[PDB]
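# Fold and geometry: a report
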Amino acid sequence: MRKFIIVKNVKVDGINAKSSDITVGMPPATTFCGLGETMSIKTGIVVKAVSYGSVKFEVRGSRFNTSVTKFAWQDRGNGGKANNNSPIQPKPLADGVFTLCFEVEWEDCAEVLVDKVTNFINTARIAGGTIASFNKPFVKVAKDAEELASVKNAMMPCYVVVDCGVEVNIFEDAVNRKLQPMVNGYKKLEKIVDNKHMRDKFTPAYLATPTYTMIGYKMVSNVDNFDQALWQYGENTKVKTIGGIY
Amino acid sequence: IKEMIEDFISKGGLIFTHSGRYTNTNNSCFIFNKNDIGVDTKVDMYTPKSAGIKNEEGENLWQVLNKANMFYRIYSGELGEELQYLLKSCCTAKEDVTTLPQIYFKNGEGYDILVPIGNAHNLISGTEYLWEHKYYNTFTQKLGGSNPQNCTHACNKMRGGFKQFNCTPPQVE
Amino acid sequence: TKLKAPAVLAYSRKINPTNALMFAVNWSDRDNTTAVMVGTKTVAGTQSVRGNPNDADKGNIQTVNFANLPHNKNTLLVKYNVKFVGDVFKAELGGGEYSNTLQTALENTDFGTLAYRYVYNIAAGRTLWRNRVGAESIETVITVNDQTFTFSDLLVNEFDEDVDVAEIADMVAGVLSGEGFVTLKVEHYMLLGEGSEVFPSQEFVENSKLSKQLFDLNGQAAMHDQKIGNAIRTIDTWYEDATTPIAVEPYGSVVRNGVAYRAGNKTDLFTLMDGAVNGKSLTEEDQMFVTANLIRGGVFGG
Amino acid sequence: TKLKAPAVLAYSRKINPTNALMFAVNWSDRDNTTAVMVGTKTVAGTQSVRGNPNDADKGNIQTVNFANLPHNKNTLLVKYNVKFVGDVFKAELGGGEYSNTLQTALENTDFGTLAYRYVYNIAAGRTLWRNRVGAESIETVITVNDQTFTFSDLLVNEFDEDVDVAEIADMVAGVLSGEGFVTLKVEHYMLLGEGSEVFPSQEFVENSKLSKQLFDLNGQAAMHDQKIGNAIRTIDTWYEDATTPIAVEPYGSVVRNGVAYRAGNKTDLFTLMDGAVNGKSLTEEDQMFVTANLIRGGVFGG
DNA sequence: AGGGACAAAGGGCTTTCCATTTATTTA
DNA sequence: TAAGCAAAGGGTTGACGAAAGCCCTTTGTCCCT
């Protein structure tokens with residue numbers, strides 16, 4: 001018996017927009033699907049799928065150039081090189097109002113799930129962002145598509161994200177169809193021989209390259225299937241959709 | 001071509017289709033993946049402080065190797081082993097994980113640490129495909145700052161910067 | 001011992017601010033609120049450039065983003081939130097070892113002074129830097145975990161002890177000393193004058209149309225969150241020849257001024273970590289600075 | 001040797017005038033303030049350029065924004081607030097040894113006559129730029145911190161000495177020489193004649209239908225704040241062949257005349273600073289020029 | 001038993017190499 | 001319903017450089033008298 005928990009109108013601030021060197025703005029679906037593993041490890045509630053919209057979104061900067069804060073001098077080897085401003089490499093940030101849906105199985109009363117996601121919101125960060133204000137979470141129960149439409153009518157207004165798929169490759173598809181790409185998976189390239197520079201020192205580490213896909217921004221009152229809008233872990237080191245390609 | 005390739009191997013001598021130099025200039029990590037290279041794919045180029053010798057028209061090594069699969073006719077091997085072996089002596093693997101993002105993924109019953117590094121073809125095909133064929137929703141960036149020629153020779157060559165897509169959805173009125 | 005530092009070290013930020021929002025209210029009825037709409041005006045001035053005296057008899061009209069209070073209201077309302085997160089001793093990159101022998105070497109420091117300076121810097125109005133300048137009467141309202149405090153006048157430059165701020169200092173020092181979270185919703189009110197000029201954060205941009213662009217939320221005036229976090233970060237009065245508080249930087253350099261105090265005189269961060277790791281007893285006025293760096297966050301090279 | 005300005009040396013505004021508003025009043029009664037509004041009329045004049053003598057029989061037409069006193073009232077009222085801020089010398093951006101060596105070489109200026117010329121420019125009503133002409137009598141009232149003064153006649157080109165400007169000059173000179181701010185809420189009354197024409201500040205229009213659009217806040221005629229702050233500082237009388245009190249700028253540049261009055265003859269502000277930081281003796285009437293440009297603003301580049 | 005050499009390891013400062021489109025342009 | 005909808009003058013400048021090379025100093029490592 002599946003359960004849905006909803007984070008509505010969460011104000012994210014300081015979220016770095018650089019999903020890749022070629023996609024900037026929204027963080028990839030790896031971020032919001034790893035949020036589920038973050039509450040699966042930090043809290044313990046098993047999250048199987050995730051979906052997200054956007055009440056508002058804006059990347060910090062002007063119309064053709066969005067850009068980056070003056071960097072600090074937080075490196076060793078720059079002793080006399082501190083009076084100058086910074087070495088500045090691009091890292092644009094954003095701010096947005098989001099809606100989040102998590103697929104969880106609880107097998108317990110709903111008065112614990114709300115507090116157990118509330119105290120996790122206050123300690124986690126949304127891709128480097130800072131939560132300012134967020135509505136109180138509530139638990140939704142749906143057993144069919146008719147009761148899943150009750151979940152559909154309550155996110156009004158938002159702009160949800162559905163998969164769209166690539167025709168041949170990235171920028172060609174971005175041109176002729178005028179759609180939006182974003183990263184949906186990672187391809188292993190080479191294994192680092194030494195683990196003394198890792199943050200875990202036990203798990204083997206491989207270099208990765210971002211694999212992209214096309215999506216669609218849709219009105220939440222006009223989507224046929226929510227499972228077309230949910231996202232989850234895939235294979236290998238990829239994400240996908242329950243409902244497949246729209 | 002032979003004299004400046006010889007200058008390149010006498011220099012630092014690194015070619016690559018994947019790097020983390022674009023995320024931070026302090027990267028020094030370089031891998032030439034093999035199976036993803038197709039006929040129209042493009043490759044960037046690094047030597048120390050972006051040095052080189054022109055080909056008597058102000059033309060360095062990059063547009064040379066980049067211009068319409070020029071590299072392919074040496075990589076597939078119709079130009080002889082004499083050029084191809086000296087080309088293959090330059091594509092080495094260089095590993096470095098400092099000042100790079102280091103994230104996790106849920107694999108089969110466990111988690112996996114992996115470093116996201118950037119792609120070579122995507123930036124150059126972005127500068128040459130969102131621009132020429134009229135896509136009118138993009139952000140123009142320049143990396144690095146006032147001295148962008150520190151990263152690569154791709155960084156050195158065009159100073160208008162690369163192009164990303166806009167990820168701004170329309171908002172509720 | 002005689003062990004070497006990690007070549008890279010990562011620290012999470014434990015002061016997470018939210019971006020400021022700007023509203024216009026009157027000084028009596030604060031309920032009638034409206035957002036300060038950022039407009040674009042175009043100003044015709046002189047060249048006024050250093051050197052270049054030949055072309056100094058020519059104009060230069062450029063578009064500047066401006067943000068003014070409307071002339072029906074004389075009060076600038078600010079609104080944002082601050083989160084303080086406990087367990088500041090967990091290194092992101094860095095599992096421990098070097099981190100652990102610094103963590104247990106920094107258990108007997110003064111968390112309360114840092115907490116009081118943080119909440120005093122946000123209480124006094126350092127988070128504003130130009131809208132405080134010229135206000136007839138400032139006031140601050142802080143709502144934290146269902147209790148509300150109100151401050152009227154504080155000296156920003158000098159840290160003066162008072163009983164109203166010490167409770168917030170202890171209530172965030174308890175989270176800072178151990179583990180947890182504490183979130184405070186902060187509002188500022190300024191009597192500036194009828195239709196005065198406000199100063200939001202300006203963006204880093206080489207914009208071809210706008211010369212000076214003020215930050216916006218769909219047109220509403222707003223500051224940067226890290227602009228706020230810089231002022232809460234601004235505590236450092238422990239460098240040599242100290243006269244004014246500066247931001248926590250590992251080399252003690254602020255880049256607006258273009259000088260460096262703590263760098264290059266056996267005072268900066270990367271010497272003090274090597275001192276504290278290798279068993280040297282630190283100066284009793286240095287250890288709260290080291291702590292500060294951490295809470296501000298930061299990567300650290302080799 | 002030499003000390004140079006920092007690559008970045010920015011000097012923030014020490015005057016903050018609000019954008020003035022234009023109202024319609026009578027002369028004997030000043031309480032029924034009714035907004036003079038920006039209306040859009042259309043002219044059908046002549047094609048008359050210095051060139052193109054062939055096009056001299058074909059009439060041009062554009063829509064212009066006009067603002068008049070309505071035909072029941074005979075006085076124009078101009079309402080603004082001006083905040084004279086202190087902390088004059090502290091460099092906002094920049095600020096090391098070219099902000100402090102300037103402090104030790106510029107503490108003995110004449111702030112009193114500086115403030116006298118600034119409050120005289122408000123009091124004599126040079127802040128209107130066109131509404132002085134066609135006016136019988138002007139009455140400028142200034143309110144500072146609950147006290148009100150009224151000015152009838154002051155010939156603006158020669159800064160005369162009186163007693164009702166001088167104490168406000170003492171307040172403003174005390175507030176620039178130290179810390180703080182002083183707010184002048186100023187109202188200008190001009191009996192322009194019955195139903196006459198007022199002149200608000202025109203905006204830049206970048207390829208618009210309106211060939212002449214005045215500044216507008218909420219449908220109503222207004223003048224630019226930087227135009228007011230231009231006309232506070234028309235005090236410069238220490239240039240070559242000293243004549244009119246022109247606006248004070250680093251090259252002494254009026255862009256209407258197209259000639260800079262302080263450029264290219266070793267008299268500009270920039271020049272008049274590198275000697276000061278290097279330690280040369282600055283005279284009594286040009287360090288006041290330097291201080292007037294400190295309280296103007298600008299960038300002081302490399 | 002301890003200063004002096006033998007040499008690695010950090011560290012400040014010193015060049016450097018650039019040349020393409022400068023985008024246009026908003027739903 | 002018809003005929004005709006202007007001209008000049010300018011549009012800022014300042015910080016935003018990693019890696020090889022070149023010396024300078026310091027402290028692991030080893031030495032006898």
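Residues numbered from 1 in each chain as written, not as in the entry; some residues may be left out. Chains lettered and ligands numbered in written order. Part of a larger assembly, values for the part shown. Heavy atoms only, no water. Residues with missing side-chain atoms left out of burial classes, pairs and counts.

Per the PDB record, the structure was determined using cryo-EM to 3.54 Å resolution.

Under the PDB entry, the name given to chain C is Csy3, and the organism recorded is Vibrio phage ICP1_2004_A. This entry carries the title "ICP1 Csy-dsDNA complex (form 1)".

With the PDB entry as reference, chain B is termed Csy1, source organism Vibrio phage ICP1_2004_A.

What follows is about the overall build of chain C. Check the secondary structure of chain C and you find six helices and 16 strands. The principal-axis extents of the C-alpha atoms in chain C amount to approximately 65 × 55 × 35 Å. (Helix = DSSP H or I, 4+ residues; strand = E, 2+ residues; numbered from the N terminus.)

Attention now goes to the side chain of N16 of chain D. For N16 of chain D, the position within the fold is in strand β1 (residues 15–17). Those residues within four positions of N16 of chain D in sequence are excluded, and the remaining contacts are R130 and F199 of chain C together with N81, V82, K83 and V85 of chain D. (Contact = heavy atoms within 4.5 Å.)

This next bit is on the arrangement of the chains. A comparison of contact numbers over the four pairs of chains in contact places chains A and B at the top. There is a clear gap between chain A and chain D: no contact, and 10 Å between their nearest C-alpha atoms. Chain B shows no contact with chain D. Their nearest C-alpha atoms sit 15 Å apart.

Let us now look at the packing of helix α2 (residues 111–123) of chain D against helix α3 (residues 166–176) of chain D. All names here are of chain D. Following both chains from N to C, one finds α2 and α3 inclined at 120°, their axes separated by 8 Å at the closest point. When the axis of α2 is compared with that of α3, the two are oblique. Two packed elements cross with a definite hand, and for α2 against α3 that hand is right-handed. Contacts between α2 and α3 pair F111, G112, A115, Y116 and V119 from the former with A166, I168, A169, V172, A173 and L176 from the latter. (Axes fitted to C-alpha atoms, helices over the stretch in contact; angles between N-to-C directions. Parallel < 35°, antiparallel > 145°, perpendicular 65-115°, else oblique. Left-handed = near helix turned anticlockwise from the far one by under 90°.)

Here we come to the pattern of salt bridges. Taken as a whole and judged by the stated rule, the model has 16 salt bridges over all chains. A salt bridge links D7 of chain B to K11 of chain B, with the shortest nitrogen-to-oxygen separation between them at 3.7 Å. Note on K11 of chain B: relative accessible area 33%, which makes it partly exposed. Here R50 of chain C ties to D274 of chain D by a salt bridge, and the two come within 2.8 Å at their closest N and O atoms. In this pair, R50 of chain C sits in the loop between β5 (39–46) and β6 (59–66) while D274 of chain D sits in helix α5 (residues 271–278), so the two residues belong to two different chains. Take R50 of chain C: its relative accessible area is 18%, and that puts it in the buried class. Overlapping salt bridges bring together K143, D144 and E147 of chain A as one network. (Salt bridge = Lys/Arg side-chain N within 4 Å of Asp/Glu carboxyl O. Buried < 20%, exposed > 50% of the residue type's maximum accessible area, 1.4 Å probe, protein only.)

What follows covers the protein's contact with DNA strand F. The environment of DNA strand F is formed by 41 residues, the closest being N84 of chain A, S146 of chain B, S211 of chain C together with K209 and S211 of chain D. Of everything in DNA strand F that lies within 4 Å of the protein, sugar and phosphate atoms constitute 49%. One of the backbone N or O atoms of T25 of chain B is found 3.5 Å from a sugar or linking oxygen in DNA strand F. Between DNA strand F and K209 of chain D there is a distance of 2.7 Å, counted from a base oxygen to a side-chain nitrogen or oxygen. (Near = heavy atom within 4 Å. Polar contact = N/O pair within 3.5 Å; in protein donor to acceptor, adjacent residues only side chain to side chain.)

Moving on: a negative patch on the surface. Residue and element names in this part refer to chain D. Where like charges cluster on the molecular surface, the negative patch consists of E158, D160, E161, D162 and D164. Turning to its location among the elements, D164 is positioned in the loop between β8 (148–151) and α3. You can call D164 partly exposed: its relative accessible area is 36%. (Patch = residues over 30% accessible without salt bridge, like charges linked within 9 Å, V, L, I, M, F, W, Y side chains within 5 Å. Areas by Shrake-Rupley, 256 points an atom, 1.4 Å probe, with all protein chains shown as cover. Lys, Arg positive; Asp, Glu negative; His and termini not counted. Charge placed at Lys NZ, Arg CZ, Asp CG, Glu CD.)

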